[PDB]
Every structure is written in C-alpha cells, then in structure tokens.
Amino acid sequence: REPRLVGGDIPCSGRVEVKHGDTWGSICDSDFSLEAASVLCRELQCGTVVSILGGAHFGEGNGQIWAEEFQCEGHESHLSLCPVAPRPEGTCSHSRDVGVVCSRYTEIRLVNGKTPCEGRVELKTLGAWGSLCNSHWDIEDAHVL
Amino acid sequence: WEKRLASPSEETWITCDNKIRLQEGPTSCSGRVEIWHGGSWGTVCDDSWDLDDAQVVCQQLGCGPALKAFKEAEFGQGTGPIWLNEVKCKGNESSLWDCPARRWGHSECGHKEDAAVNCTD
Amino acid sequence: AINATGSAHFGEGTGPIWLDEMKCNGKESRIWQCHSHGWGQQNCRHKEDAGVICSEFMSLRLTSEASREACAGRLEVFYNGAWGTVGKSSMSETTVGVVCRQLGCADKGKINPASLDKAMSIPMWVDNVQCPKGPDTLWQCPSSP
Ligand SMILES: *[C@@H]1O[C@H](CO)[C@@H](O)[C@H](O)[C@H]1NC(C)=O
Ligand SMILES: [Ca+2]
Ligand SMILES: [Ca+2]
Ligand SMILES: [Ca+2]
Ligand SMILES: [Ca+2]
Ligand SMILES: [Ca+2]
C-alpha cells in the first residue's frame with residue numbers, strides 16, 4: 001500500500017493516491033480519516049498533518065477509486081501495516097477526491113557548489129527562488145540543512 | 001516593521017467565517033452539522049443525538065428553533081475527521097463547545113452515522 | 001418475535017459482517033431467502049449488530065419487597081414477554097432445590113408461607129411443576145400447560 005501526493009504547488013501537499021500492488025488510485029473523503037493522514041505524512045516523511053481537504057481541492061483524478069477504508073490507529077509507520085476494512089463500490093465520484101497538507105512545506109537547495117554538499121543556500125517562496133540573508137545564520141541551522 | 005501614524009482607511013478590518021455550518025440541505029436552516037477545528041472541517045456522530053442538541057445548533061447558527069434531529073446521515077455523508085461524539089447538550093448552551101462530549105478525539109463512529117438537524121427558516 | 005434489538009444490545013460481536021440491509025416480508029423460511037445486498041457486502045461496524053428476543057424465552061427470579069432479585073421471595077416466570085407466578089401445588093424438595101441451584105443461591109431450599117405484601121399481584125403462569133433428578137434448570141421439568 002504505497003502512498004503518493006500529486007498536484008500540489010508546495011513540496012508536501014496534494015491529492016492522495018495509493019498503489020494496490022501495481023495500480024494507482026484515489027481515495028474518498030469519507031474513507032480517509034485523521035489517523036490515516038498521520039501515517040501518510042509520516043511514511044512520506046512530510047512531517048505532521050496540518051489539514052485534510054476534500055471535494056477535489058487539488059484537482060480530480062483520472063482512474064480507479066479504491067473503496068476500502070483504512071483503520072489505522074495512528075502509530076503505524078507505513079500504510080501497509082494498517083488494518084483495512086473492505087467496502088463495496090459506487091461510494092463516490094471523482095469530484096470527492098481527498099487531499100492532505102503536511103507540515104514540512106519548506107523548499108531549500110544548494111547551488112553554485114561543485115560538491116553537492118557545499119554551496120549557496122537558496123529558498124523558494126511565493127513561486128520564486130531567492131537567496132537567504134546572513135543575519136541569524138548560525139551553525140545550528142547549517143547542521144540541520 | 002516601522003511605526004507610523006496611519007489613516008483609518010489603511011487599517012485592516014477582518015470578519016471570519018462561522019465555525020459551525022449546515023451542508024447539503026435544500027433549506028438554509030437544514031442540513032448536515034459540520035464544525036471546524038484544528039485546520040480541518042469535521043462532522044458529529046449520531047450517538048446520543050437528540051432534539052436538545054439540535055436546539056443548541058439551531059440557536060448557534062442563528063436559525064429558528066429546531067423541530068427534527070435526524071441521524072444515520074439522512075442529508076448525505078460527510079468529509080474529514082469526526083470531531084464530536086456523544087454530545088450531551090442540555091438545550092440552553094450558547095455553543096456546541098460548551099456542551100460536554102468527547103472532544104477532538106478518536107471516535108469509533110463512521111461517516112454513515114453523521115448527525116443532521118432541521119431548523120425553522 | 002417480540003423485540004428486534006440493535007446497536008449491540010447483547011454485546012459486540014467478533015468476525016465478518018456477512019449480511020446487511022435485510023428486507024423480508026416475514027413469511028419466509030430461512031434468513032438467506034431474504035433480499036440482501038450480498039454475502040459480505042456491507043458498510044457496517046461491529047457496534048451495530050442485530051439481535052432478537054423471541055416469544056418462547058423464559059427467565060426466572062425471586063422477588064422480595066427489599067430487592068427485585070434475592071435468595072428469598074416470590075417465584076416468578078417470565079414467558080411471552082410477561083412475568084407471572086408459579087403454583088404451589090405438587091412442590092417437592094427436588095423442585096425447590098432446582099430453583100435455588102439455577103439462580104445461584106444454594107443447593108437446597110424451603111417454601112415459606114406467603115409474605116405480608118405482594119407486588120402488582122401478577123397473574124399465575126404455570127402450575128403442577130414436577131422436577132426429576134438430573135436437570136439443573138426449571139425449563140426441563142415436566143408441568144401442566
Ligand atoms: C421489548 O419491547 C417491549 C414492548 O414494546 C418493551 O417494553 C421492552 O422494553 C423492549 N425490550 C428491549 C430490550 O428492547
Ligand atoms: Ca539561526
Ligand atoms: Ca450511531
Ligand atoms: Ca444528547
Ligand atoms: Ca427489514
Ligand atoms: Ca448498509
């Protein structure tokens with residue numbers, strides 16, 4: 001049960017899609033809960049769940065819709081380990097696709113450095129890339145980057 | 001940051017939307033009870049849902065008095081996380097936040113048991 | 001059938017939920033002859049499990065003024081959704097012992113005369129109860145209709 005976020009402008013948000021072995025498909029607003037979104041952000045390493053948005057917030061999928069309902073308890077590391085309750089078809093349409101916004105929205109990269117480890121710090125906000133400022137740039141931040 | 005005297009025209013005045021709303025109803029005073037908390041829109045479970053609960057919701061929304069309090073998702077299924085379960089409103093509280101219930105916690109309820117109300121227009 | 005209980009009146013069940021949305025006219029012979037969505041096709045949870053209370057259901061108790069259930073009082077039989085008393089004729093030591101063992105009080109007992117107060121003066125249900133050796137419940141003892 002492999003998750004994926006598609007359609008979002010910022011790094012850790014978009015439509016929720018789960019692969020059942022070899023096929024990608026969307027999920028309903030009703031089937032997805034807060035516990036499942038907690039696992040999805042954790043599995044994808046996107047932090048913690050900030051919002052759950054329904055009604056095709058990031059667009060409508062084009063494909064198959066999974067009818068099963070996840071029953072995560074919130075502490076699982078992957079969606080594969082989550083117990084799943086099967087449901088019949090016909091529950092939703094594609095205008096009721098679910099979306100998730102997780103917390104790690106920051107976009108940072110290192111440029112103009114030959115070694116990928118060293119370079120100039122750059123940050124993306126409001127759709128553009130820019131350079132940071134020297135003030136309040138200590139070694140604690142550089143350790144985390 | 002800079003401190004300056006400003007005309008009242010430049011100041012920002014903001015009105016925010018209501019926390020509680022009713023959805024999927026032909027009448028503006030009828031529909032599914034949804035509440036907003038913690039970044040998500042959520043619903044209420046029909047366990048211990050009665051007319052005393054519906055009175056508080058119809059009063060908070062600013063509609064007329066409540067007359068029916070549906071259950072088992074008559075008006076449609078909801079979205080997002082279920083926020084409240086086993087609501088025990090006494091009928092006179094000013095908001096659903098005053099009444100005691102399971103608050104912002106894990107509810108065994110499903111999305112087919114969403115509570116609904118119908119208020120006078 | 002006297003009652004049709006729902007919402008886990010008799011407890012939560014363990015296992016698959018085989019049937020849902022059952023529609024019957026009441027003249028059918030078997031439960032699977034009813035119109036249902038399908039074998040295992042459901043959107044339900046285990047806290048909503050169906051139960052019945054049938055006409056030929058009996059319970060036993062000893063009612064006193066102090067407590068509804070006690071080790072001394074009036075003998076009452078609950079049949080057809082109604083309570084009622086038992087006749088004193090043809091009572092034996094084997095019959096009195098069966099009541100005391102069935103309720104969980106003791107191994108033997110004795111029949112005292114009528115008390116000072118009687119509650120609701122419920123009608124008499126059964127009489128001439130004769131208990132053989134071997135039964136541990138009153139339902140297996142021959143009696144009058
Ligand atoms: C069964 O139905 C009777 C008759 O309406 C009612 O008095 C009784 O409370 C019901 N019992 C249960 C357990 O639902
Ligand atoms: Ca710093
Ligand atoms: Ca319910
Ligand atoms: Ca209530
Ligand atoms: Ca039926
Ligand atoms: Ca059903």
# chains A, B, ... in the order shown; residues from 1 in each chain; ligands from 1

call {"tool": "interface_residues", "arguments": {"of": "chain C", "to": "chain B", "cutoff": "10 Å", "atoms": "only C-alpha atoms", "output": "PyMOL selection string"}}
result
chain C and resi 43-47

call {"tool": "select_by_dssp", "arguments": {"residues": "chain A", "states": "helix (DSSP H, G or I)", "output": "ChimeraX atom specification"}}
result
/A:34-43,94-96,139-144

call {"tool": "write_last_selection", "arguments": {"atoms": "N, CA, C and O atoms", "output": "PDB file, in the first residue's frame"}}
result
ATOM      1  N   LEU A  34      -8.284  11.024  10.063  1.00  0.00           N
ATOM      2  CA  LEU A  34      -7.133  11.747  10.591  1.00  0.00           C
ATOM      3  C   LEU A  34      -5.986  10.807  10.934  1.00  0.00           C
ATOM      4  O   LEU A  34      -4.816  11.185  10.819  1.00  0.00           O
ATOM      5  N   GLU A  35      -6.300   9.588  11.378  1.00  0.00           N
ATOM      6  CA  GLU A  35      -5.254   8.627  11.708  1.00  0.00           C
ATOM      7  C   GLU A  35      -4.499   8.175  10.465  1.00  0.00           C
ATOM      8  O   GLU A  35      -3.273   8.021  10.500  1.00  0.00           O
ATOM      9  N   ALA A  36      -5.213   7.945   9.361  1.00  0.00           N
ATOM     10  CA  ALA A  36      -4.549   7.537   8.128  1.00  0.00           C
ATOM     11  C   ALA A  36      -3.657   8.644   7.587  1.00  0.00           C
ATOM     12  O   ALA A  36      -2.550   8.378   7.107  1.00  0.00           O
ATOM     13  N   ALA A  37      -4.122   9.894   7.651  1.00  0.00           N
ATOM     14  CA  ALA A  37      -3.304  11.011   7.191  1.00  0.00           C
ATOM     15  C   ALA A  37      -2.068  11.185   8.062  1.00  0.00           C
ATOM     16  O   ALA A  37      -1.041  11.689   7.597  1.00  0.00           O
ATOM     17  N   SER A  38      -2.158  10.796   9.334  1.00  0.00           N
ATOM     18  CA  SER A  38      -0.992  10.837  10.208  1.00  0.00           C
ATOM     19  C   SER A  38       0.075   9.859   9.738  1.00  0.00           C
ATOM     20  O   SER A  38       1.273  10.162   9.769  1.00  0.00           O
ATOM     21  N   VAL A  39      -0.346   8.667   9.308  1.00  0.00           N
ATOM     22  CA  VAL A  39       0.597   7.675   8.796  1.00  0.00           C
ATOM     23  C   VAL A  39       1.146   8.102   7.441  1.00  0.00           C
ATOM     24  O   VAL A  39       2.335   7.924   7.153  1.00  0.00           O
ATOM     25  N   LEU A  40       0.292   8.671   6.588  1.00  0.00           N
ATOM     26  CA  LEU A  40       0.715   9.032   5.237  1.00  0.00           C
ATOM     27  C   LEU A  40       1.813  10.089   5.259  1.00  0.00           C
ATOM     28  O   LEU A  40       2.802   9.983   4.525  1.00  0.00           O
ATOM     29  N   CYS A  41       1.653  11.128   6.082  1.00  0.00           N
ATOM     30  CA  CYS A  41       2.700  12.140   6.185  1.00  0.00           C
ATOM     31  C   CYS A  41       3.962  11.554   6.803  1.00  0.00           C
ATOM     32  O   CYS A  41       5.078  11.907   6.409  1.00  0.00           O
ATOM     33  N   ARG A  42       3.804  10.658   7.780  1.00  0.00           N
ATOM     34  CA  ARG A  42       4.963  10.042   8.418  1.00  0.00           C
ATOM     35  C   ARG A  42       5.690   9.101   7.468  1.00  0.00           C
ATOM     36  O   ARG A  42       6.925   9.084   7.430  1.00  0.00           O
ATOM     37  N   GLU A  43       4.943   8.299   6.707  1.00  0.00           N
ATOM     38  CA  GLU A  43       5.564   7.379   5.758  1.00  0.00           C
ATOM     39  C   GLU A  43       6.314   8.130   4.667  1.00  0.00           C
ATOM     40  O   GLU A  43       7.430   7.747   4.297  1.00  0.00           O
ATOM     41  N   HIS A  94     -15.335  11.294  -8.801  1.00  0.00           N
ATOM     42  CA  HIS A  94     -14.004  11.882  -8.808  1.00  0.00           C
ATOM     43  C   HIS A  94     -13.990  13.328  -8.333  1.00  0.00           C
ATOM     44  O   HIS A  94     -12.906  13.899  -8.176  1.00  0.00           O
ATOM     45  N   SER A  95     -15.152  13.929  -8.101  1.00  0.00           N
ATOM     46  CA  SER A  95     -15.205  15.259  -7.514  1.00  0.00           C
ATOM     47  C   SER A  95     -15.087  15.231  -5.998  1.00  0.00           C
ATOM     48  O   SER A  95     -15.066  16.297  -5.376  1.00  0.00           O
ATOM     49  N   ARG A  96     -15.018  14.046  -5.394  1.00  0.00           N
ATOM     50  CA  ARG A  96     -14.858  13.894  -3.955  1.00  0.00           C
ATOM     51  C   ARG A  96     -13.513  13.272  -3.596  1.00  0.00           C
ATOM     52  O   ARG A  96     -13.422  12.470  -2.666  1.00  0.00           O
ATOM     53  N   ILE A 139      25.570  28.097  13.037  1.00  0.00           N
ATOM     54  CA  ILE A 139      25.963  26.743  12.672  1.00  0.00           C
ATOM     55  C   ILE A 139      24.903  25.720  13.053  1.00  0.00           C
ATOM     56  O   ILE A 139      24.908  24.608  12.510  1.00  0.00           O
ATOM     57  N   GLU A 140      23.995  26.056  13.970  1.00  0.00           N
ATOM     58  CA  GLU A 140      22.912  25.135  14.293  1.00  0.00           C
ATOM     59  C   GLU A 140      21.998  24.926  13.095  1.00  0.00           C
ATOM     60  O   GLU A 140      21.581  23.798  12.816  1.00  0.00           O
ATOM     61  N   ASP A 141      21.675  26.004  12.378  1.00  0.00           N
ATOM     62  CA  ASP A 141      20.872  25.875  11.169  1.00  0.00           C
ATOM     63  C   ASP A 141      21.630  25.111  10.092  1.00  0.00           C
ATOM     64  O   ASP A 141      21.060  24.258   9.403  1.00  0.00           O
ATOM     65  N   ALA A 142      22.921  25.404   9.938  1.00  0.00           N
ATOM     66  CA  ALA A 142      23.722  24.741   8.915  1.00  0.00           C
ATOM     67  C   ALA A 142      23.862  23.250   9.198  1.00  0.00           C
ATOM     68  O   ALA A 142      23.989  22.444   8.270  1.00  0.00           O
ATOM     69  N   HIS A 143      23.863  22.864  10.476  1.00  0.00           N
ATOM     70  CA  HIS A 143      23.875  21.447  10.820  1.00  0.00           C
ATOM     71  C   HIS A 143      22.605  20.757  10.340  1.00  0.00           C
ATOM     72  O   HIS A 143      22.650  19.627   9.841  1.00  0.00           O
ATOM     73  N   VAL A 144      21.457  21.420  10.497  1.00  0.00           N
ATOM     74  CA  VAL A 144      20.183  20.816  10.113  1.00  0.00           C
ATOM     75  C   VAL A 144      20.057  20.731   8.597  1.00  0.00           C
ATOM     76  O   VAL A 144      19.571  19.730   8.058  1.00  0.00           O
TER      77      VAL A 144
END

call {"tool": "residues_near_ligand", "arguments": {"ligand": "ligand 2", "cutoff": "6 Å", "atoms": "only C-alpha atoms and all ligand atoms", "output": "PyMOL selection string"}}
result
chain A and resi 136-138+141

call {"tool": "interface_residues", "arguments": {"of": "chain A", "to": "chain C", "cutoff": "9 Å", "atoms": "only C-alpha atoms", "output": "JSON, numbers by chain"}}
result
{"A": [86, 87, 88]}

call {"tool": "residues_near_ligand", "arguments": {"ligand": "ligand 1", "cutoff": "9 Å", "atoms": "only C-alpha atoms and all ligand atoms", "output": "JSON, numbers by chain"}}
result
{"C": [2, 3, 4, 5, 6, 9, 52, 53, 81]}

call {"tool": "residues_around", "arguments": {"residues": "stretch 35-41 of chain B", "least_positions_apart": "5", "cutoff": "9 Å", "atoms": "only C-alpha atoms", "output": "ChimeraX atom specification"}}
result
/A:50-53 /B:18-22,79-84,104

call {"tool": "closest_atom_pairs", "arguments": {"of": "chain C", "to": "ligand 5", "cutoff": "8 Å", "atoms": "only C-alpha atoms and all ligand atoms", "output": "CSV"}}
result
residue,atom,partner,partner_atom_place_in_ligand_line,distance
C:21,CA,ligand 5,1 (Ca),7.3
C:22,CA,ligand 5,1 (Ca),5.4
C:23,CA,ligand 5,1 (Ca),4.1
C:24,CA,ligand 5,1 (Ca),5.4
C:25,CA,ligand 5,1 (Ca),7.7

call {"tool": "residues_around", "arguments": {"residues": "residue B:32", "least_positions_apart": "6", "cutoff": "10 Å", "atoms": "only C-alpha atoms", "output": "number ranges by chain"}}
result
B: 21-25, 43-44, 70-71, 73-78, 114-118

call {"tool": "interface_residues", "arguments": {"of": "chain A", "to": "chain B", "cutoff": "12 Å", "atoms": "only C-alpha atoms", "output": "PyMOL selection string"}}
result
chain A and resi 27-38+49-56+69-74+85+91-92+96-103

call {"tool": "write_last_selection", "arguments": {"atoms": "N, CA and C atoms", "output": "compact mmCIF listing (two decimals), in the first residue's frame"}}
result
# COMPACT_ATOMS: atom_id res chain seq x y z
N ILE A 27 -8.72 8.09 -3.33
CA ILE A 27 -9.44 7.73 -2.11
C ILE A 27 -10.54 8.76 -1.87
N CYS A 28 -11.60 8.32 -1.20
CA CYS A 28 -12.72 9.19 -0.87
C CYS A 28 -12.42 10.05 0.35
N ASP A 29 -13.17 11.14 0.48
CA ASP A 29 -13.11 11.94 1.70
C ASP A 29 -13.62 11.15 2.90
N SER A 30 -14.69 10.39 2.71
CA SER A 30 -15.29 9.65 3.81
C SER A 30 -14.38 8.52 4.29
N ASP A 31 -13.71 7.83 3.37
CA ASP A 31 -12.87 6.71 3.75
C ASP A 31 -11.62 7.17 4.49
N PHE A 32 -11.03 8.29 4.08
CA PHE A 32 -9.82 8.77 4.71
C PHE A 32 -10.14 9.49 6.01
N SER A 33 -9.31 9.24 7.03
CA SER A 33 -9.52 9.82 8.34
C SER A 33 -8.28 10.56 8.81
N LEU A 34 -8.28 11.02 10.06
CA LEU A 34 -7.13 11.75 10.59
C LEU A 34 -5.99 10.81 10.93
N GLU A 35 -6.30 9.59 11.38
CA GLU A 35 -5.25 8.63 11.71
C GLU A 35 -4.50 8.18 10.46
N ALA A 36 -5.21 7.95 9.36
CA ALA A 36 -4.55 7.54 8.13
C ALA A 36 -3.66 8.64 7.59
N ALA A 37 -4.12 9.89 7.65
CA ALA A 37 -3.30 11.01 7.19
C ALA A 37 -2.07 11.19 8.06
N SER A 38 -2.16 10.80 9.33
CA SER A 38 -0.99 10.84 10.21
C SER A 38 0.08 9.86 9.74
N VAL A 49 0.32 16.08 9.90
CA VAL A 49 -0.81 16.50 9.07
C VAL A 49 -1.32 17.84 9.57
N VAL A 50 -1.47 18.80 8.66
CA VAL A 50 -1.99 20.12 9.01
C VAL A 50 -3.46 20.24 8.66
N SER A 51 -3.85 19.80 7.46
CA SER A 51 -5.24 19.88 7.02
C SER A 51 -5.60 18.65 6.23
N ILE A 52 -6.89 18.32 6.23
CA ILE A 52 -7.47 17.32 5.34
C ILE A 52 -8.52 18.03 4.50
N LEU A 53 -8.27 18.12 3.20
CA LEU A 53 -9.13 18.87 2.29
C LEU A 53 -9.82 17.91 1.35
N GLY A 54 -11.15 18.02 1.26
CA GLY A 54 -11.94 17.20 0.37
C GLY A 54 -12.54 17.99 -0.77
N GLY A 55 -13.39 17.31 -1.53
CA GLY A 55 -14.04 17.93 -2.66
C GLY A 55 -13.11 18.31 -3.79
N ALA A 56 -12.07 17.52 -4.04
CA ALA A 56 -11.14 17.74 -5.14
C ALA A 56 -10.50 19.13 -5.06
N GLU A 69 -11.61 1.03 3.36
CA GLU A 69 -11.49 2.03 4.40
C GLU A 69 -10.34 1.65 5.33
N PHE A 70 -9.35 2.53 5.44
CA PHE A 70 -8.24 2.31 6.35
C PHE A 70 -8.72 2.44 7.79
N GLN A 71 -8.13 1.63 8.68
CA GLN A 71 -8.45 1.65 10.10
C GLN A 71 -7.19 1.80 10.93
N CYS A 72 -6.34 2.75 10.55
CA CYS A 72 -5.10 2.98 11.27
C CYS A 72 -5.38 3.46 12.69
N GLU A 73 -4.52 3.07 13.62
CA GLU A 73 -4.58 3.57 14.99
C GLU A 73 -3.72 4.80 15.21
N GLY A 74 -2.92 5.20 14.22
CA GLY A 74 -2.13 6.41 14.27
C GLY A 74 -0.66 6.20 14.53
N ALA A 85 -10.55 -2.21 6.15
CA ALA A 85 -11.88 -2.78 6.07
C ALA A 85 -12.43 -2.59 4.67
N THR A 91 -19.25 4.32 -4.05
CA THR A 91 -19.35 5.22 -2.90
C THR A 91 -19.24 6.68 -3.31
N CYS A 92 -18.30 7.01 -4.20
CA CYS A 92 -18.02 8.40 -4.53
C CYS A 92 -17.90 8.56 -6.04
N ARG A 96 -15.02 14.05 -5.39
CA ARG A 96 -14.86 13.89 -3.96
C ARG A 96 -13.51 13.27 -3.60
N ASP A 97 -12.47 13.61 -4.34
CA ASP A 97 -11.13 13.14 -4.02
C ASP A 97 -10.58 13.88 -2.81
N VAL A 98 -9.75 13.19 -2.04
CA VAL A 98 -9.22 13.73 -0.80
C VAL A 98 -7.84 14.31 -1.05
N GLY A 99 -7.45 15.25 -0.19
CA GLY A 99 -6.14 15.86 -0.26
C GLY A 99 -5.62 16.10 1.14
N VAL A 100 -4.30 16.24 1.24
CA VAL A 100 -3.64 16.35 2.53
C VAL A 100 -2.55 17.41 2.44
N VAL A 101 -2.43 18.22 3.49
CA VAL A 101 -1.35 19.19 3.63
C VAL A 101 -0.56 18.81 4.88
N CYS A 102 0.70 18.41 4.70
CA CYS A 102 1.58 18.11 5.81
C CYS A 102 2.47 19.32 6.09
N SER A 103 3.25 19.22 7.17
CA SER A 103 3.84 20.41 7.78
C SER A 103 5.13 20.87 7.10

call {"tool": "residues_near_ligand", "arguments": {"ligand": "ligand 4", "cutoff": "7 Å", "atoms": "only C-alpha atoms and all ligand atoms", "output": "ChimeraX atom specification"}}
result
/B:48-50,52-53,86-89

call {"tool": "write_last_selection", "arguments": {"atoms": "N, CA and C atoms", "output": "PDB file, in the first residue's frame"}}
result
ATOM      1  N   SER B  48     -26.179   9.537  20.959  1.00  0.00           N
ATOM      2  CA  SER B  48     -26.700  10.490  21.939  1.00  0.00           C
ATOM      3  C   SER B  48     -27.114  11.813  21.296  1.00  0.00           C
ATOM      4  N   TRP B  49     -27.521  11.775  20.032  1.00  0.00           N
ATOM      5  CA  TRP B  49     -28.032  12.955  19.347  1.00  0.00           C
ATOM      6  C   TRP B  49     -29.548  13.003  19.483  1.00  0.00           C
ATOM      7  N   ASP B  50     -30.060  14.131  19.964  1.00  0.00           N
ATOM      8  CA  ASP B  50     -31.489  14.303  20.188  1.00  0.00           C
ATOM      9  C   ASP B  50     -31.864  15.743  19.854  1.00  0.00           C
ATOM     10  N   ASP B  52     -32.461  18.188  22.031  1.00  0.00           N
ATOM     11  CA  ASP B  52     -31.735  19.153  22.849  1.00  0.00           C
ATOM     12  C   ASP B  52     -30.448  19.591  22.162  1.00  0.00           C
ATOM     13  N   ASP B  53     -29.738  18.649  21.539  1.00  0.00           N
ATOM     14  CA  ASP B  53     -28.553  19.000  20.765  1.00  0.00           C
ATOM     15  C   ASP B  53     -28.912  19.883  19.578  1.00  0.00           C
ATOM     16  N   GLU B  86     -21.056  11.549  21.126  1.00  0.00           N
ATOM     17  CA  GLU B  86     -21.823  11.514  22.371  1.00  0.00           C
ATOM     18  C   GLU B  86     -21.999  12.920  22.951  1.00  0.00           C
ATOM     19  N   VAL B  87     -22.678  13.763  22.182  1.00  0.00           N
ATOM     20  CA  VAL B  87     -22.958  15.131  22.602  1.00  0.00           C
ATOM     21  C   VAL B  87     -24.135  15.119  23.567  1.00  0.00           C
ATOM     22  N   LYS B  88     -23.996  15.838  24.677  1.00  0.00           N
ATOM     23  CA  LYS B  88     -24.971  15.833  25.762  1.00  0.00           C
ATOM     24  C   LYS B  88     -25.427  17.253  26.076  1.00  0.00           C
ATOM     25  N   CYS B  89     -25.791  17.997  25.034  1.00  0.00           N
ATOM     26  CA  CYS B  89     -26.268  19.360  25.213  1.00  0.00           C
ATOM     27  C   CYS B  89     -27.538  19.367  26.057  1.00  0.00           C
TER      28      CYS B  89
END

call {"tool": "residues_around", "arguments": {"residues": "residue B:66", "least_positions_apart": "6", "cutoff": "8 Å", "atoms": "only C-alpha atoms", "output": "PyMOL selection string"}}
result
chain B and resi 51+54-55+58+117-120

call {"tool": "select_by_dssp", "arguments": {"residues": "chain B", "states": "strand (DSSP E)", "output": "count of residues only"}}
result
32

call {"tool": "residues_around", "arguments": {"residues": "residue A:11", "least_positions_apart": "4", "cutoff": "8 Å", "atoms": "only C-alpha atoms", "output": "number ranges by chain"}}
result
A: 104-107
